[PDB]
>>> print(open('start-v2.pdb').read())   # PDB, C-alpha atoms (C1' of nucleotides) and all ligand atoms
ATOM      1  CA  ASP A   1     137.937 132.950  60.908
ATOM      2  CA  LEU A   2     137.380 129.186  60.899
ATOM      3  CA  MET A   3     137.153 126.265  63.335
ATOM      4  CA  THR A   4     137.436 127.970  66.730
ATOM      5  CA  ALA A   5     135.799 131.181  65.501
ATOM      6  CA  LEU A   6     132.842 129.098  64.274
ATOM      7  CA  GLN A   7     131.401 128.742  67.776
ATOM      8  CA  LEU A   8     129.228 131.701  66.706
ATOM      9  CA  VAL A   9     127.174 129.650  64.231
ATOM     10  CA  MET A  10     126.450 127.262  67.083
ATOM     11  CA  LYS A  11     125.554 130.273  69.238
ATOM     12  CA  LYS A  12     122.894 131.115  66.652
ATOM     13  CA  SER A  13     121.839 127.459  66.506
ATOM     14  CA  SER A  14     121.365 127.447  70.291
ATOM     15  CA  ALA A  15     119.395 130.687  69.978
ATOM     16  CA  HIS A  16     117.078 129.237  67.324
ATOM     17  CA  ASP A  17     117.273 125.820  69.102
ATOM     18  CA  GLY A  18     118.659 122.625  67.589
ATOM     19  CA  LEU A  19     121.628 121.673  69.783
ATOM     20  CA  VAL A  20     120.967 118.046  70.683
ATOM     21  CA  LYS A  21     123.621 117.856  73.403
ATOM     22  CA  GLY A  22     124.892 114.647  74.991
ATOM     23  CA  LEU A  23     125.502 111.144  73.652
ATOM     24  CA  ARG A  24     122.290 109.471  74.855
ATOM     25  CA  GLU A  25     120.579 112.073  72.666
ATOM     26  CA  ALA A  26     123.384 112.468  70.092
ATOM     27  CA  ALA A  27     122.782 108.922  68.844
ATOM     28  CA  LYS A  28     119.021 109.529  68.685
ATOM     29  CA  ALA A  29     119.716 112.841  66.832
ATOM     30  CA  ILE A  30     121.742 110.751  64.305
ATOM     31  CA  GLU A  31     119.538 107.696  63.648
ATOM     32  CA  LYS A  32     116.575 110.109  63.379
ATOM     33  CA  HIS A  33     118.398 111.299  60.238
ATOM     34  CA  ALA A  34     118.462 114.828  61.621
ATOM     35  CA  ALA A  35     122.144 115.227  62.567
ATOM     36  CA  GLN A  36     124.161 117.770  60.527
ATOM     37  CA  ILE A  37     127.393 118.333  62.552
ATOM     38  CA  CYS A  38     128.768 116.555  65.650
ATOM     39  CA  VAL A  39     131.417 118.579  67.510
ATOM     40  CA  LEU A  40     133.326 116.240  69.891
ATOM     41  CA  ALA A  41     135.786 116.693  72.798
ATOM     42  CA  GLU A  42     138.851 114.423  72.890
ATOM     43  CA  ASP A  43     139.185 115.148  76.624
ATOM     44  CA  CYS A  44     136.781 112.255  77.302
ATOM     45  CA  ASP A  45     138.542 109.390  79.096
ATOM     46  CA  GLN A  46     136.365 106.375  78.182
ATOM     47  CA  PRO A  47     137.647 105.204  74.767
ATOM     48  CA  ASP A  48     134.408 103.360  73.981
ATOM     49  CA  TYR A  49     132.681 106.755  73.991
ATOM     50  CA  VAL A  50     134.684 108.127  71.058
ATOM     51  CA  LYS A  51     134.734 104.773  69.261
ATOM     52  CA  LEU A  52     130.947 104.458  69.485
ATOM     53  CA  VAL A  53     130.157 108.020  68.403
ATOM     54  CA  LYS A  54     132.541 107.789  65.452
ATOM     55  CA  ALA A  55     130.875 104.477  64.589
ATOM     56  CA  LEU A  56     127.407 106.051  64.535
ATOM     57  CA  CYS A  57     128.601 109.044  62.512
ATOM     58  CA  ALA A  58     130.257 106.661  60.046
ATOM     59  CA  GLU A  59     126.989 104.716  59.783
ATOM     60  CA  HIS A  60     125.269 107.888  58.587
ATOM     61  CA  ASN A  61     127.020 110.695  56.659
ATOM     62  CA  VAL A  62     126.811 114.020  58.474
ATOM     63  CA  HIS A  63     130.201 115.347  59.763
ATOM     64  CA  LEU A  64     132.773 115.212  62.627
ATOM     65  CA  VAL A  65     134.423 118.345  64.048
ATOM     66  CA  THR A  66     136.948 117.703  66.807
ATOM     67  CA  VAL A  67     137.615 120.358  69.453
ATOM     68  CA  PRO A  68     139.584 120.209  72.729
ATOM     69  CA  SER A  69     138.584 121.292  76.220
ATOM     70  CA  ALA A  70     135.180 119.660  76.836
ATOM     71  CA  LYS A  71     134.664 122.470  79.356
ATOM     72  CA  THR A  72     134.727 124.889  76.421
ATOM     73  CA  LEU A  73     132.392 122.501  74.605
ATOM     74  CA  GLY A  74     129.941 123.025  77.449
ATOM     75  CA  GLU A  75     130.533 126.778  77.247
ATOM     76  CA  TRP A  76     129.756 127.014  73.523
ATOM     77  CA  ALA A  77     126.699 124.742  73.744
ATOM     78  CA  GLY A  78     124.968 126.869  76.380
ATOM     79  CA  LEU A  79     125.756 124.331  79.114
ATOM     80  CA  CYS A  80     126.246 127.220  81.543
ATOM     81  CA  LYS A  81     124.741 130.428  82.897
ATOM     82  CA  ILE A  82     125.826 133.626  81.161
ATOM     83  CA  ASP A  83     126.527 135.056  84.662
ATOM     84  CA  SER A  84     128.112 138.534  84.319
ATOM     85  CA  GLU A  85     130.120 139.893  81.386
ATOM     86  CA  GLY A  86     133.166 138.045  82.699
ATOM     87  CA  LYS A  87     130.978 134.914  82.706
ATOM     88  CA  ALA A  88     131.867 133.217  85.998
ATOM     89  CA  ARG A  89     129.909 130.242  84.635
ATOM     90  CA  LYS A  90     129.668 126.965  86.553
ATOM     91  CA  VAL A  91     130.169 125.180  83.256
ATOM     92  CA  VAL A  92     128.960 121.645  82.615
ATOM     93  CA  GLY A  93     131.243 119.508  80.449
ATOM     94  CA  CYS A  94     129.824 118.391  77.108
ATOM     95  CA  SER A  95     131.200 115.792  74.689
ATOM     96  CA  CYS A  96     128.677 115.798  71.824
ATOM     97  CA  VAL A  97     126.585 118.724  70.503
ATOM     98  CA  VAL A  98     124.657 117.352  67.465
ATOM     99  CA  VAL A  99     123.518 120.514  65.584
ATOM    100  CA  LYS A 100     120.200 118.922  64.484
ATOM    101  CA  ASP A 101     118.415 121.378  62.119
ATOM    102  CA  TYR A 102     121.269 123.861  62.756
ATOM    103  CA  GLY A 103     120.927 127.616  63.282
ATOM    104  CA  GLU A 104     119.525 129.068  60.028
ATOM    105  CA  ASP A 105     121.367 132.418  60.442
ATOM    106  CA  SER A 106     124.017 131.076  57.982
ATOM    107  CA  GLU A 107     127.194 133.264  57.831
ATOM    108  CA  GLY A 108     130.183 131.401  59.344
ATOM    109  CA  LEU A 109     128.179 128.163  58.899
ATOM    110  CA  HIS A 110     129.124 128.481  55.199
ATOM    111  CA  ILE A 111     132.837 128.802  56.133
ATOM    112  CA  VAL A 112     132.618 125.867  58.608
ATOM    113  CA  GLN A 113     130.507 124.133  55.909
ATOM    114  CA  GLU A 114     133.643 124.477  53.742
ATOM    115  CA  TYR A 115     135.691 122.881  56.553
ATOM    116  CA  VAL A 116     132.665 120.541  56.689
ATOM    117  CA  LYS A 117     133.297 119.709  53.005
ATOM    118  CA  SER A 118     136.965 119.216  54.050
TER     119      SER A 118
ATOM    120  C1'   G B   1      51.573 159.818 133.393
ATOM    121  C1'   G B   2      51.290 157.451 128.744
ATOM    122  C1'   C B   3      51.843 153.707 124.610
ATOM    123  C1'   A B   4      51.636 148.808 122.290
ATOM    124  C1'   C B   5      47.073 141.975 120.349
ATOM    125  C1'   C B   6      55.618 140.898 119.455
ATOM    126  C1'   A B   7      50.577 143.680 126.410
ATOM    127  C1'   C B   8      45.843 142.825 128.422
ATOM    128  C1'   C B   9      40.634 143.053 127.833
ATOM    129  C1'   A B  10      36.218 140.367 124.495
ATOM    130  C1'   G B  11      37.145 136.367 121.702
ATOM    131  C1'   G B  12      39.007 133.085 117.312
ATOM    132  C1'   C B  13      42.703 129.579 116.068
ATOM    133  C1'   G B  14      46.326 127.305 118.506
ATOM    134  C1'   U B  15      50.817 125.216 120.974
ATOM    135  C1'   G B  16      51.864 122.456 125.453
ATOM    136  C1'   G B  17      49.019 115.924 125.650
ATOM    137  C1'   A B  18      49.569 111.623 120.762
ATOM    138  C1'   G B  19      52.352 109.602 116.210
ATOM    139  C1'   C B  20      55.810 111.389 112.977
ATOM    140  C1'   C B  21      59.200 115.410 110.556
ATOM    141  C1'   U B  22      62.946 118.631 111.575
ATOM    142  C1'   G B  23      66.449 121.847 114.660
ATOM    143  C1'   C B  24      69.022 122.216 119.714
ATOM    144  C1'   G B  25      71.030 119.712 124.268
ATOM    145  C1'   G B  26      72.609 115.243 126.293
ATOM    146  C1'   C B  27      74.403 110.379 125.526
ATOM    147  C1'   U B  28      76.994 107.079 122.311
ATOM    148  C1'   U B  29      80.985 107.328 118.531
ATOM    149  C1'   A B  30      86.725 106.386 114.823
ATOM    150  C1'   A B  31      84.246 110.877 113.874
ATOM    151  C1'   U B  32      78.908 111.533 115.134
ATOM    152  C1'   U B  33      82.730 118.903 112.231
ATOM    153  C1'   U B  34      80.957 123.254 113.927
ATOM    154  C1'   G B  35      78.826 128.699 114.970
ATOM    155  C1'   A B  36      74.520 130.656 117.553
ATOM    156  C1'   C B  37      71.607 129.934 123.948
ATOM    157  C1'   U B  38      65.714 135.069 127.101
ATOM    158  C1'   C B  39      63.135 138.514 123.856
ATOM    159  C1'   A B  40      67.561 139.314 120.244
ATOM    160  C1'   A B  41      69.890 130.422 119.766
ATOM    161  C1'   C B  42      67.002 126.179 118.719
ATOM    162  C1'   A B  43      62.829 124.122 109.609
ATOM    163  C1'   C B  44      68.776 129.599 112.004
ATOM    164  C1'   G B  45      73.974 129.776 108.994
ATOM    165  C1'   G B  46      69.181 130.366 103.009
ATOM    166  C1'   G B  47      72.401 124.239 106.772
ATOM    167  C1'   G B  48      66.084 119.725 102.588
ATOM    168  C1'   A B  49      74.775 116.655 103.893
ATOM    169  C1'   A B  50      74.215 109.225  99.470
ATOM    170  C1'   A B  51      79.362 111.094  96.579
ATOM    171  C1'   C B  52      80.938 116.715  96.252
ATOM    172  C1'   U B  53      79.397 120.035  99.804
ATOM    173  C1'   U B  54      82.589 118.762 104.601
ATOM    174  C1'   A B  55      85.045 122.086 108.251
ATOM    175  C1'   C B  56      85.014 115.539 111.245
ATOM    176  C1'   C B  57      87.098 110.245 111.205
ATOM    177  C1'   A B  58      90.347 105.822 108.705
ATOM    178  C1'   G B  59      93.540 105.674 104.853
ATOM    179  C1'   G B  60      95.988 106.795 100.064
ATOM    180  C1'   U B  61      97.955 110.510  96.571
ATOM    181  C1'   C B  62      99.774 115.003  94.608
ATOM    182  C1'   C B  63     102.691 119.932  94.798
ATOM    183  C1'   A B  64      99.113 123.653  92.507
ATOM    184  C1'   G B  65     106.751 125.300  97.545
ATOM    185  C1'   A B  66     106.634 131.703  92.875
ATOM    186  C1'   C B  67     111.328 134.036  93.348
ATOM    187  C1'   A B  68     116.463 134.707  95.030
ATOM    188  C1'   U B  69     121.079 132.081  96.700
ATOM    189  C1'   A B  70     124.321 127.750  96.921
ATOM    190  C1'   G B  71     125.096 122.775  94.978
ATOM    191  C1'   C B  72     123.965 118.227  91.754
ATOM    192  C1'   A B  73     124.139 117.751  86.504
ATOM    193  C1'   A B  74     124.121 116.379  78.743
ATOM    194  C1'   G B  75     129.831 110.844  81.107
ATOM    195  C1'   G B  76     122.290 113.244  82.609
ATOM    196  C1'   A B  77     119.482 117.554  87.102
ATOM    197  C1'   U B  78     115.404 115.272  86.317
TER     198        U B  78
HETATM  199  K     K A 201      47.886 120.698 121.478
HETATM  200  K     K A 202      64.612 129.813 113.182
HETATM  201 MG    MG A 203      43.015 136.683 126.172
HETATM  202 MG    MG A 204      53.079 117.305 120.915
HETATM  203 MG    MG A 205      80.604 113.660 102.868
HETATM  204 MG    MG A 206      85.677 112.725 101.014
END
>>> encode(input="start-v2.pdb", output="structure tokens")
Amino acid sequence: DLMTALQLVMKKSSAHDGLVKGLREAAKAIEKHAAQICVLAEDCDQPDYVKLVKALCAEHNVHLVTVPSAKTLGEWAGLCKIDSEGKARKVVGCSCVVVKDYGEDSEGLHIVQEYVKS
RNA sequence: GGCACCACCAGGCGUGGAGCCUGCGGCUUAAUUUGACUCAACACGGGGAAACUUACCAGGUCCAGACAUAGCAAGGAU
């Protein structure tokens, strides 16, 4: 009902557009004062990656959600083809999905917004 | 046996001779793009081309290769 189940709000955000995926863009999505959430994937090897993104998110004030399995981070962020119902997706691995603008369908967003508050 | 000035007769104006214009052949050319050769090809392609036309020659670009499949890929395909 929270955290993991809140991939749906980001489904709606991807539908309505607003997922600024990837670090190169993540940063830009931040400094452009348009970042709202910043799911991350601890699977990333390069420590400077996580240090730098946390530094940028600390510079502004938006949010940081951690989630494991960067492959699943690619899955949630649309970094894949829907394929069949079983979804044999050749998934691309993501490590930052800035929800610039954010899906405006609300719902779980409010609940994750609570987790966002804390 | 007929018919017809795209035949002749009686003629008129001509062309064929000259200069030039233009089309065709040939030659030359990097290419001198090419179709058409008795009437029924040859100022014909409505073709009087500076560029475009343009099909030719010498070069330079670009993809305006949908779609399907498989890969590469947000630590970036492009
Ligand atoms: K004459
Ligand atoms: K003629
Ligand atoms: Mg006569
Ligand atoms: Mg003459
Ligand atoms: Mg020309
Ligand atoms: Mg030319």
>>> residues_near_ligand(input="start-v2.pdb", ligand="ligand MG 206 (chain A)", cutoff="12 Å", atoms="only C-alpha atoms (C1' of nucleotides) and all ligand atoms", output="list in words")
residues 49, 51, 52, 53, 54, 55, 56, 57, 58, 59 and 60 of chain B
>>> write_last_selection(input="start-v2.pdb", atoms="C-alpha atoms (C1' of nucleotides)", output="PDB file, in the coordinates of the input")
ATOM      1  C1'   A B  49      74.775 116.655 103.893  1.00  0.00           C
ATOM      2  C1'   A B  51      79.362 111.094  96.579  1.00  0.00           C
ATOM      3  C1'   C B  52      80.938 116.715  96.252  1.00  0.00           C
ATOM      4  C1'   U B  53      79.397 120.035  99.804  1.00  0.00           C
ATOM      5  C1'   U B  54      82.589 118.762 104.601  1.00  0.00           C
ATOM      6  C1'   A B  55      85.045 122.086 108.251  1.00  0.00           C
ATOM      7  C1'   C B  56      85.014 115.539 111.245  1.00  0.00           C
ATOM      8  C1'   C B  57      87.098 110.245 111.205  1.00  0.00           C
ATOM      9  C1'   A B  58      90.347 105.822 108.705  1.00  0.00           C
ATOM     10  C1'   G B  59      93.540 105.674 104.853  1.00  0.00           C
ATOM     11  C1'   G B  60      95.988 106.795 100.064  1.00  0.00           C
TER      12        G B  60
END
>>> resolve_selection(input="start-v2.pdb", expression="the PyMOL selection byres (((not hetatm)) within 7 of (chain A and resi 201))", output="list in words")
residues 15, 16 and 17 of chain B
>>> write_last_selection(input="start-v2.pdb", atoms="C-alpha atoms (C1' of nucleotides)", output="PDB file, in the frame of the given file")
ATOM      1  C1'   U B  15      50.817 125.216 120.974  1.00  0.00           C
ATOM      2  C1'   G B  16      51.864 122.456 125.453  1.00  0.00           C
ATOM      3  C1'   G B  17      49.019 115.924 125.650  1.00  0.00           C
TER       4        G B  17
END
>>> interface_residues(input="start-v2.pdb", of="chain A", to="chain B", cutoff="12 Å", atoms="all atoms listed in the file", output="VMD selection string")
chain A and resid 19 to 26 41 43 to 50 70 73 to 74 77 to 80 90 to 98
>>> closest_atom_pairs(input="start-v2.pdb", of="chain B", to="ligand MG 203 (chain A)", cutoff="12 Å", atoms="only C-alpha atoms (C1' of nucleotides) and all ligand atoms", output="JSON lines")
{"residue": "B:5", "atom": "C1'", "partner": "A:MG203", "partner_atom": "MG", "distance": 8.9}
{"residue": "B:7", "atom": "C1'", "partner": "A:MG203", "partner_atom": "MG", "distance": 10.3}
{"residue": "B:8", "atom": "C1'", "partner": "A:MG203", "partner_atom": "MG", "distance": 7.1}
{"residue": "B:9", "atom": "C1'", "partner": "A:MG203", "partner_atom": "MG", "distance": 7.0}
{"residue": "B:10", "atom": "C1'", "partner": "A:MG203", "partner_atom": "MG", "distance": 7.9}
{"residue": "B:11", "atom": "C1'", "partner": "A:MG203", "partner_atom": "MG", "distance": 7.4}
{"residue": "B:12", "atom": "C1'", "partner": "A:MG203", "partner_atom": "MG", "distance": 10.4}
>>> residues_around(input="start-v2.pdb", residues="residue A:2", least_positions_apart="2", cutoff="9 Å", atoms="only C-alpha atoms (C1' of nucleotides)", output="ChimeraX atom specification")
/A:4-6,108,111-112,115
>>> write_last_selection(input="start-v2.pdb", atoms="C-alpha atoms", output="JSON list (two decimals), in the frame of the given file")
[["chain", "number", "residue", "atom", "x", "y", "z"],
["A", 4, "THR", "CA", 137.44, 127.97, 66.73],
["A", 5, "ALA", "CA", 135.80, 131.18, 65.50],
["A", 6, "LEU", "CA", 132.84, 129.10, 64.27],
["A", 108, "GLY", "CA", 130.18, 131.40, 59.34],
["A", 111, "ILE", "CA", 132.84, 128.80, 56.13],
["A", 112, "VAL", "CA", 132.62, 125.87, 58.61],
["A", 115, "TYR", "CA", 135.69, 122.88, 56.55]]
>>> resolve_selection(input="start-v2.pdb", expression="the PyMOL selection byres (((chain A and resi 101) around 10) and not hetatm)", output="PDB file with C-alpha atoms, in the coordinates of the input")
ATOM      1  CA  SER A  13     121.839 127.459  66.506  1.00  0.00           C
ATOM      2  CA  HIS A  16     117.078 129.237  67.324  1.00  0.00           C
ATOM      3  CA  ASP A  17     117.273 125.820  69.102  1.00  0.00           C
ATOM      4  CA  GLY A  18     118.659 122.625  67.589  1.00  0.00           C
ATOM      5  CA  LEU A  19     121.628 121.673  69.783  1.00  0.00           C
ATOM      6  CA  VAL A  20     120.967 118.046  70.683  1.00  0.00           C
ATOM      7  CA  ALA A  29     119.716 112.841  66.832  1.00  0.00           C
ATOM      8  CA  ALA A  34     118.462 114.828  61.621  1.00  0.00           C
ATOM      9  CA  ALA A  35     122.144 115.227  62.567  1.00  0.00           C
ATOM     10  CA  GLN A  36     124.161 117.770  60.527  1.00  0.00           C
ATOM     11  CA  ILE A  37     127.393 118.333  62.552  1.00  0.00           C
ATOM     12  CA  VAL A  98     124.657 117.352  67.465  1.00  0.00           C
ATOM     13  CA  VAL A  99     123.518 120.514  65.584  1.00  0.00           C
ATOM     14  CA  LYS A 100     120.200 118.922  64.484  1.00  0.00           C
ATOM     15  CA  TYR A 102     121.269 123.861  62.756  1.00  0.00           C
ATOM     16  CA  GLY A 103     120.927 127.616  63.282  1.00  0.00           C
ATOM     17  CA  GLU A 104     119.525 129.068  60.028  1.00  0.00           C
TER      18      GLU A 104
END
>>> residues_near_point(input="start-v2.pdb", point="(72.1, 131.7, 113.3)", cutoff="12 Å", atoms="only C-alpha atoms (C1' of nucleotides)", output="number ranges by chain")
B: 23-24, 35-37, 40-42, 44-47
>>> closest_residue(input="start-v2.pdb", among="A:114, A:42, A:85, A:107", to="residue A:71", atoms="all atoms listed in the file")
A:42
>>> atom_distance(input="start-v2.pdb", atom1="atom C1' of residue B:20", atom2="atom MG of ligand MG 204 (chain A)")
10.3 Å
>>> closest_residue(input="start-v2.pdb", among="B:39, B:31, B:63, B:72", to="ligand MG 205 (chain A)", atoms="only C-alpha atoms (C1' of nucleotides) and all ligand atoms")
B:31
>>> closest_residue(input="start-v2.pdb", among="B:6, B:18, B:30, B:50", to="ligand MG 205 (chain A)", atoms="all atoms listed in the file")
B:50
>>> closest_residue(input="start-v2.pdb", among="B:34, B:78, B:22, B:69", to="ligand K 202 (chain A)", atoms="all atoms listed in the file")
B:22
>>> atom_distance(input="start-v2.pdb", atom1="atom CA of residue A:1", atom2="atom CA of residue A:113")
12.6 Å
>>> atom_distance(input="start-v2.pdb", atom1="atom CA of residue A:54", atom2="atom CA of residue A:67")
14.1 Å
>>> closest_residue(input="start-v2.pdb", among="B:19, B:29, B:38, B:71", to="ligand MG 204 (chain A)", atoms="all atoms listed in the file")
B:19
>>> closest_residue(input="start-v2.pdb", among="B:33, B:26, B:21, B:43", to="ligand K 202 (chain A)", atoms="all atoms listed in the file")
B:43
